[PDB]
Amino acid sequence: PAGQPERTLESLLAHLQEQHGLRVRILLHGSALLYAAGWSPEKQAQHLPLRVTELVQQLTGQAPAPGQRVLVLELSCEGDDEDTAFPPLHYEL
């Protein structure tokens, strides 16, 4: 297990929006695309009580596997400079 334990999708989106006052970004890589910005209301995206890791795989339709898994996520963010957005997140399962 790498990084802090997965708490909740609603927590992740709500935390960034309130504590940092920054727009939400999409984490996508093979498995699925995480909701952040789109036609759908922003409040709806943060509403999702599903776990951050479970939600991504559930949207994908892939069940969890035993042992350590290596997954990488890409941050899709619209901005003038690439430095504004953080580099891809490395998370193992």
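Of note:
- Some residue of segment 50-73 being assigned to a loop (DSSP other than H, G, I, E, B), within 12 Å of the chain's Cα centre (by Cα) and among the hydrophobic types (A, V, I, L, M, F, W, C): yes
- Answer residue from segment 18-57, given it is among the polar types (S, T, N, Q) and surrounded by 15 or more Cβ atoms within 10 Å (Cβ to Cβ) and is farthest from residue 8 (Cα to Cα) among those: 31
- You will find that of 51, 25, the residue that is in contact (Cβ under 8 Å) with a residue 24 or more places away in the chain, among the basic types (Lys, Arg) and within 14 Å of residue 89 (Cα to Cα) is 25 and no other.
- Residue tally, condition hydrophobic (A, V, I, L, M, F, W, C), surrounded by fewer than 11 Cβ atoms within 10 Å (Cβ to Cβ) and out of contact with any helix residue (DSSP H, G or I) (no Cβ under 8 Å at 6 or more places or on another chain), over segment 58-89: 3
- Filtered residues of segment 1-28 (kept if part of a loop (DSSP other than H, G, I, E, B) and either of a type in the set (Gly, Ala, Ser) or touching a helix residue (DSSP H, G or I) at 6+ places or on another chain (Cβ under 9 Å) (or both)): 2, 3, 6, 7, 8, 21, 22, 23, 24, 25
Readers should treat all values here as calculations from the given coordinates under stated rules, not as data from a laboratory. Using ideal geometry, Cβ is built from the backbone for each residue, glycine included, and neighbour counts are taken over all protein chains shown.
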